[PDB]
Every structure is written in structure tokens, then in C-alpha cells.
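To start, the structure under review is shown below, and the notes come after it.
Both backbone and side-chain heavy atoms feed into the values below; hydrogens, waters and symmetry mates do not. Chain letters run A, B, ... following the sequence lines, proteins first, then strands; residues in each count from 1.
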Protein chains: 2
Amino acid sequence: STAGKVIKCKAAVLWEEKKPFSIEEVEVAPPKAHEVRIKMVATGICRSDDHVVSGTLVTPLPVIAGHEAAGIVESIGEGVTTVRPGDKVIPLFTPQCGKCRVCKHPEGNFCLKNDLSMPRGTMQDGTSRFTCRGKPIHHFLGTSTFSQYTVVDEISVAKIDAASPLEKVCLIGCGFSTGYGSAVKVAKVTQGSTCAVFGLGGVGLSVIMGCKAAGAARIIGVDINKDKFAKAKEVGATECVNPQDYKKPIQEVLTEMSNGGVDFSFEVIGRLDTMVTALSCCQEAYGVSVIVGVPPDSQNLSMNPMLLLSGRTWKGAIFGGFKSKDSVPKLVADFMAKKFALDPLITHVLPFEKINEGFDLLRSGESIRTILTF
Amino acid sequence: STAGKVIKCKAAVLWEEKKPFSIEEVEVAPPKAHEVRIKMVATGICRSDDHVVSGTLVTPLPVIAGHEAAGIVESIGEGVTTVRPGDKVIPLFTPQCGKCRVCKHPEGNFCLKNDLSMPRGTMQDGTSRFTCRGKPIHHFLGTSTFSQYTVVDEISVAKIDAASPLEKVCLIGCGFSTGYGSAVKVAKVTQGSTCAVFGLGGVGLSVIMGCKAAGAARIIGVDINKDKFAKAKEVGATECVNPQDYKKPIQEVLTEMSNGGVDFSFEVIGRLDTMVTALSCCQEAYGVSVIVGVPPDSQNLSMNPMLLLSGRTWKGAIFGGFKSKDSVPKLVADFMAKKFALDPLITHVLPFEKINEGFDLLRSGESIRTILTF
Ligand SMILES: NC(=O)c1ccc[n+]([C@@H]2O[C@H](COP(=O)([O-])OP(=O)(O)OC[C@H]3O[C@@H](n4cnc5c(N)ncnc54)[C@H](O)[C@@H]3O)[C@@H](O)[C@H]2O)c1
Ligand SMILES: NC(=O)c1ccc[n+]([C@@H]2O[C@H](COP(=O)([O-])OP(=O)(O)OC[C@H]3O[C@@H](n4cnc5c(N)ncnc54)[C@H](O)[C@@H]3O)[C@@H](O)[C@H]2O)c1
Ligand SMILES: [Zn+2]
Ligand SMILES: [Zn+2]
Ligand SMILES: [Zn+2]
Ligand SMILES: [Zn+2]
């Protein structure tokens, strides 16, 4: 049995920026009080994990990346009461400590114990659980799911339904809940509205799903990769525009199409220019624009504040505004009751050992979500 | 008597940027169909009128500026049904045509027939009702109240109570309703919150009045002119802070004071640096920042979109988010019912002839609102 001992297993270590992941053996220490050690069953490849490789999202290296996943609890550290060995679980990259100012606010979800605004790459106690070649390896956002086993703090894990298909509900760990919640909880899309969605990857297709569920009358998908359009129409887009087809700037096209501006726009790419374009194409007196894409580290955008003075609302959010530990169980239960589908988002399923191939699929624009199996 | 005839009267004409207002004799043509000619009784000096003089707010020159005012209907053109000669009225710089998409929308108020986004400086039909020295003079936001008589379109005028003190309720034409609605209607301040208000002029003090009326527990006024602090506390500020007293950025000071950031912040000055500072000092996961101040024409601010990604909401609004023709009669009725005070905002009452003296009071920081009486 493994409880109490170091597990040696394989993990994908990123030793340096802009390098392939190196699949190698690491040592995963046992859990300390209030930590949980998890055997990974499936993990999705989110564009935020590629942001680490490219240096767009800065976190300490070497690191085991990965954050959108599902597995089974192998052991719990002392004091853990919310999961038991054998539970199916989803690691939470946004924690819910339940005690801070944000967790006690009815609307906020960006818990102050997060490791995303000032990343240390450690557990909540400042140390690591991973050693590879004798060197300590950093954690990524308290999850690190590109490993056969990982250790997370209790505030970063949610127990889910024991009948859950883990190779599908891992997308509730990030991509799906983020896109769905950006439409129904953050922007609060109204019945009958026109929505525009910039970027049709896994999280953008989930935003179209949330707008369709809120009853939007028109949903315009925007992407420069026209191969994404058939899938966009399938999950709800009423029409799709490729910015490269036009000689005039896309916010002009979108304003003429929606007869002076859309009600709701979403930026789901992570570029500074498209964030300003997404704001501009919503109606100037009552439009709402939501930023979902992760921008490059430390770079500033430039915009004209009259865009907001006329009455526009601009907002952003992490994880679709959901308090993670409260919501993830209820979102898996709704999946189970067939309230939404995850299957349109999964285009490829690969063994973990093919992780580099999975990332090339994302980078070439051939996949929406690739699930890696252990 | 004057109905149907051209009236020659005095008006303050602004012939060029950065010059004094010239008191001249102008001729005011009679009301055409659906227009109304008003005898001015009292008009306030708002900082947006000083923005036309400095070139901050670009509008066609020469112009008769002035937009915050109350008067009496002298004659009405063919087809007017909403007022009659002898009615007390407040001109509306934001019209309510009742027919465009914004007017039909339950929440927007920036009617598409406004002359503020791309100022032509004319009546709704493209012509002017003013002549001075044989030259046509432009209108300002369909109001032009620095004149003994003015002509407005019917969609830019509200009939108010016959017992109104016109020298007091002209503030509802702009400063008061803007600051008050920015708090209770645009930001929707909640009972128990902490608010921070950048700028303690007439509009900034009306924001403090809305925050207090909405139940804020703490209202931090911020101004570099410490002489405004007494009146700020008189209308509701719990504390005032002057940026120059500190050795560290005021965003750090205000985040320390509020234990991590305020709930609602308001920029009521019109500067690109304080708009970004007001956004940064509200709590990162659920704070709301409202831009009220008019920024300098054509200038861009620079900000890091991670300030929004964590959960903040950034919004702006014209005239406090109120549908003008619907709301102004109702706010006068509430003023009559003693529901709010206007007297704390009026610090100087001058004859119309001393208009430049009133502008120098504002620019030196000695007045809050000066009312010019005719
Ligand atoms: N806010 C959050 O909590 C959160 C959570 C998950 C993902 N993200 C971020 O959301 C963004 C999308 O993630 P994803 O996994 O769906 O990514 P993805 O790479 O699968 O999709 C990005 C899409 O944007 C398109 N695109 C690129 N440039 C474009 C352009 N200039 N104009 C129009 N379309 C363009 C691409 O073709 C692609 O279809 C990323 O920045 C990711 O980091 C944020
Ligand atoms: N959104 C709207 O519909 C609307 C309506 C009315 C007025 N406005 C705009 O609101 C702004 C305020 O109007 P007002 O008439 O109350 O103006 P005001 O001049 O009376 O008040 C401005 C205040 O800001 C202070 N100030 C200047 N620089 C500052 C800084 N660096 N830091 C802190 N405080 C500073 C001044 O001391 C002054 O007390 C103006 O830009 C005006 O054009 C907008
Ligand atoms: Zn992700
Ligand atoms: Zn918390
Ligand atoms: Zn004004
Ligand atoms: Zn209208």
C-alpha cells in the first residue's frame, strides 16, 4: 500500500521555458495535515498550461503544470474531513478557503489563498511535494495535474459524484465552468439578447453554450481559424465571422450586424487588442463586455475611457465567477442529469505519455480539448 | 408680446477657446414645430462648461454654453403637447426621444438623439436659433442656458412642479442628479459598504449624498484641495484623505484603510491617472468603479487588464443613469417632499452678468456650485 510513503511515478516536468515537457520519474511525498494525495485519471490540456510554456503566464520553473483534471483520492493527511480515500475528486485551481473576505462575500469567488496573482509554486505551507533528479520541483496553482499522482490542499479539492465519468467531467475543473459561468453568472446574459464571442476554443465554445442556455436570440462567434466554425454552430452560434475576410475593423462589422452594438461580448483569447475590440462592439449605452482570456504578463492595454462614460460595463472573472468548492459538485450533478453536454468539446483523447503531441495539436489549431489518460 | 417674434436679449457667447465669456446681445428665433422657447431664471456653473473653455470637451465654437438650468416656458411651437406657456421647466442635455433602442431599453439612458458623442451644436433639425453680430452661434447639447432666452426641442425639456424654487432645483438639471444617480442607480451602492469618492466638487458631493442615502457605512472623500473636506463631511463623508500628505501611492493608502480595497469607488474629476487609481483601490474580486468625470478629448489611458480579470467591474455613465424626461419631474417632486437637500452645494449666487467671476471661483477652488440668476 502507499499510504504514508513516497510514491515514485511519472510526471511531465517543464525544466525551462519554451521547451518540450520531459516525461520522467518524480517522487511524490505523502500528504501533511489537511492535504490530499490524488491518483490522476484524466487531465485536459487548457491554453493556460501552454501560457506557462511560452512565458505568457509566469510561475516558478521547474514546475509540473496541469490544472484541469479529475482523479481518485489515494490518501488524506490528518484533519481532512471533506474527502476520503476512494472518492472521485476534481482539484480546484481557484481555492475556496471559506474564511477570507472574498469567500464570505456573496458574489466574489477569487479566494485570497489563490496562487495565481503572486505565484509561489508551493503548497499552502510554502513547501513542495515533488522531487525529480534530487532537485525540488514547483507546484502550479496548488494542482499540478500532469503527474500520475499529485498532492493538493483540502481547500483546493471538491468531492464529486461517484458515478461521474472522469474522462469527461475533468473539463468542469476549468474550461467548461469558466465559459458557462462567464455567460450565465458573470455577464448574466438575458433572454432575447445578441452576444458576440471572440475565440472559439474550449472555453469560447463553453461561453456559447452558456449564452444559448440563458436564451440569447443571436450568438456571433468570432475566430481567425475558420475550421472552428462548424463546431461553434453545433453548440449554439447563429453565425460566425472571420476578421480576415473583411476590409474594415471587426468592431465596425459587428456594430453594423447588430444594428449599433451587441448586448454582451466576451473576449476568450487573451490578447490586448481583442479585449479593446470586444468592449467597443457592445452597445455604448448599455452593453456589457467580459474579459475571460489571460493577458501576457505585465503588459498594458491602451483605451479611450469615453467607451465607458456612455454607459458600457467592462468586467473580467476567474473560473466563470463560481465559488469553486460550492459549485463544482453541483455542476457535475447537472452534467449527470443531462443539463449540458461536454462531448462536443473533446476532439482527441491521448495517453499521458503523448502530452507533447497534445500540445502541438492545440498550437496547430487542430484540437479543441485533448484529454490525456493515465 | 414676444410669442412668434424674434427676441433680442443678452447671452454669454464663447468666441474662442481659453478666452472669457463675452456678454452680448443675441437674437433668438421663435420655436419651430416641437420646440419650446424658455425664459431662463437660474443656471449653475458646472465643470463641463469650463471643459468647453479649456478645449477638454470639444464642441463647435462660437457657442452659448450652459446646460444646468431652470426657467419658464415663454412660447411653444406647433405640435408641442408636453408643456404650455407659463410652465416651470428644466432643459435636458441628455434627451429622451422615447423611440430609439436606448430609450426603449429599461436600463440605458444615453438617448441616441444626444449631441454629446459627436457634437454638431445645432437643434435636432441641423439649424441654430441664435444669431449674434449677424453670425450664427452654436447651441451646446441642445440646451445653451447662459442666455436670457433659449429654444430647445421638446424631447430635451421636462415640466416640473409649479411651486418649485427654480434657483435651487436647476441643480437637478445636471450636478445633483448625476452624482446621486451614479451612486444609487449606476453603481448601486449597498448598505454597509465602504465607498471612496475621488473629487469633492458639486457632483462629487452629490455622489456622497447618494452613497449615504443608499446606506454606505464608510465614505472616504479624496481631494487634493483640503478646503473641500468640511463640506464633504457635512454631506456624509466619514473621512477625507489628501494625496499630497502621503509618501506612498493613494491606491496603497486606500487599500490599507479598507482592509484590502473599497467596495465602490467613483472618479468624479476627469483625469486618466485617477480613473486607473480609482479602479485599483476597489477590492479585486468584487469591487465596482464608476467613472463620472469627463476625460480630456482623444486621450487614451493605459491599464493592466489583470485588474479586471480578478473580478472587478468598471462602468461609466452620463447624467447618473437616469432617463432624463421621466426622472427629472420625479426628483423635483422628491425635493419638494424634503427627501434630499440641495442647499449644501450652492456656495455663491451671482447675477448672470458676473458669469466670468463665477468661472474664476470654480477654477480657483473657492466655490462648489455658483448659481447665476437672471
Ligand atoms: N479566466 C479564466 O479563469 C480562464 C480559464 C480558462 C482559460 N482561460 C484563458 O482563456 C483563453 C482561451 O482558452 P482556450 O483553452 O479556450 O484556448 P484555445 O487556444 O483553445 O482557443 C483560443 C482561440 O482563439 C482563437 N484566436 C487566436 N487569435 C485570435 C484572433 N486574433 N482573433 C480571433 N480569434 C483568435 C484561436 O484560433 C482559438 O480558436 C486563454 O487565454 C486561456 O488562458 C481563462
Ligand atoms: N458623467 C456626467 O454626466 C457628468 C455630469 C456632470 C459633470 N461631469 C464631470 O464631472 C467632473 C466633476 O464635475 P464638478 O462640476 O463636480 O467639478 P469640480 O471642478 O467642482 O470638482 C473637481 C474636484 O476634483 C478635485 N481634483 C482635481 N484634481 C484632483 C486630483 N489630482 N486628485 C484628487 N482630486 C482632484 C478638485 O479639487 C475639485 O474639488 C468634471 O469632469 C465634469 O466635467 C460628468
Ligand atoms: Zn484552464
Ligand atoms: Zn477564501
Ligand atoms: Zn454638468
Ligand atoms: Zn431616445
Side-chain angles (χ1 to χ4, degrees), chain A residues 10-14 18-23 39-54 56-57 64-72 88 90-91 93 140 143-148 150 164-180 197 199-209 221 223-237 240 268-270 292-294 331-332 335 340-374:
Chain A
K10 288 197 170 184
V13 187
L14 184 74
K18 301 180 194 178
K19 288 303 196 170
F21 283 99
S22 174
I23 298 289
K39 175 168 181 283
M40 218 43 45
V41 169
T43 187
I45 292 179
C46 172
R47 182 59 78 161
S48 297
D49 301 299
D50 181 58
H51 284 338
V52 178
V53 173
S54 64
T56 291
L57 170 62
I64 291 159
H67 60 286
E68 178 178 271
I72 292 165
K88 288 186 175 190
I90 288 175
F93 74 88
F140 176 55
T143 59
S144 299
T145 65
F146 294 161
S147 180
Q148 296 179 322
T150 191
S164 309
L166 299 182
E167 60 288 342
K168 297 195 194 308
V169 298
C170 55
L171 300 173
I172 285 167
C174 182
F176 175 75
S177 313
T178 293
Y180 196 76
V197 182
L200 304 170
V203 180
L205 295 190
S206 303
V207 175
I208 291 176
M209 290 191 182
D223 206 298
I224 54 168
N225 177 358
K226 72 167 205 304
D227 290 347
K228 299 301 187 75
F229 294 172
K231 212 105 180 69
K233 303 247 198 66
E234 176 191 330
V235 300
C240 284
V268 201
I269 302 160
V292 186
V294 175
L331 288 168
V332 167
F335 176 68
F340 52 81
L342 288 179
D343 279 301
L345 308 177
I346 298 166
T347 58
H348 301 68
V349 181
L350 305 184
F352 171 60
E353 294 79 20
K354 296 276 189 73
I355 188 161
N356 285 305
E357 285 87 324
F359 270 87
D360 292 327
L361 283 165
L362 183 61
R363 299 170 176 142
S364 60
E366 293 176 79
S367 49
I368 298 304
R369 277 298 207 262
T370 300
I371 304 307
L372 296 175
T373 51
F374 288 93

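- Among all heavy-atom pairs drawn from A:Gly66 and A:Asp49, the shortest one is N-OD1, 3.1 Å.
- In terms of heavy atoms, A:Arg369 sits closest to A:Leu171 at CG-CD2, 3.7 Å.
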- Does the side chain to side chain contact (heavy atoms under 4.5 Å, CB included) test come out yes or no for A:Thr178 and A:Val292, once each step is laid out? CA-CA 8 Å; A:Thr178 293; A:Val292 186; 3.5 Å; yes
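- Between A:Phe146 and A:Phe359, the ring planes are perpendicular. Angles over 60° get that label, and only those under 30° would be called parallel.
- Side-chain atoms of A:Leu361 and A:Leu350, non-hydrogen and from C-beta on, do get closer than 4.5 Å to each other.
- Rounded to the nearest 0.5 Å, atoms CD1 (A:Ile72) and CE (A:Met40) are 10.0 Å apart.
- Listed by chain and number, the residues in a side chain to side chain contact (heavy atoms under 4.5 Å, CB included) with A:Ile172 are A:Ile90, A:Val169, A:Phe176, A:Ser177, A:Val328, A:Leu331, A:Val332, A:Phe335, A:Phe340, A:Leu342 (sequence neighbours excluded).
- For A:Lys19 against A:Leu14, the heavy-atom pair with the smallest separation is O-CD1, 3.4 Å.
- In terms of heavy-atom proximity, A:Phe21 sits nearest to A:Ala65 at CE2-CB, 4.4 Å.
- Going from atom OG1 of A:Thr373 over to atom NZ of A:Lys354 covers 10.0 Å, rounded to the nearest 0.5 Å.
- A:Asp50 meets the salt bridge (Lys or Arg N to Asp or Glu O under 4.0 Å) test with A:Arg47, A:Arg363; sequence neighbours excluded.
- Rounded to the nearest 0.5 Å, atoms OG1 (A:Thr43) and CD (A:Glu68) are 7.0 Å apart.
- The two atoms that bring A:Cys170 and A:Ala42 nearest to each other are CB-O, 4.0 Å, heavy atoms only.
- Of all the heavy atoms in A:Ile64 and A:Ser144, the pair that sits closest is O-OG, 2.9 Å.
- Using modelled atom types and a 3.5 Å distance limit, the side chains of A:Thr56 and A:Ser54 yield a donor-acceptor pair.
- One distance of note links CD1 of A:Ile23 with NZ of A:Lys10; it measures 8.0 Å at 0.5 Å rounding.
- Residues satisfying the ring-ring contact (aromatic ring centres under 6.0 Å, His included) test with A:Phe374, not counting sequence neighbours, are A:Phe352.
- Looking only at distances, no side-chain donor or acceptor of A:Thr143 sits under 3.5 Å from a matching main-chain atom of A:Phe93.
- Rounding to the nearest 0.5 angstrom, the gap separating the CD atom in A:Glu353 from the CG atom in A:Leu372 is 9.0 Å.
- Within the 4.5 Å cutoff, side-chain heavy atoms of A:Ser206 are placed close to those of A:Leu345.
- Using modelled atom types, one side-chain atom of A:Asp223 and one backbone atom of A:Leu200 make a donor-acceptor pair closer than 3.5 Å.
- For the atom pair A:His348 NE2 and A:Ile368 CD1, the distance stands at 9.5 Å (nearest 0.5 Å).
- Residues A:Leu205 and A:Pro344 have side chains not in contact (no heavy-atom distance under 4.5 Å, counting atoms from C-beta outward).
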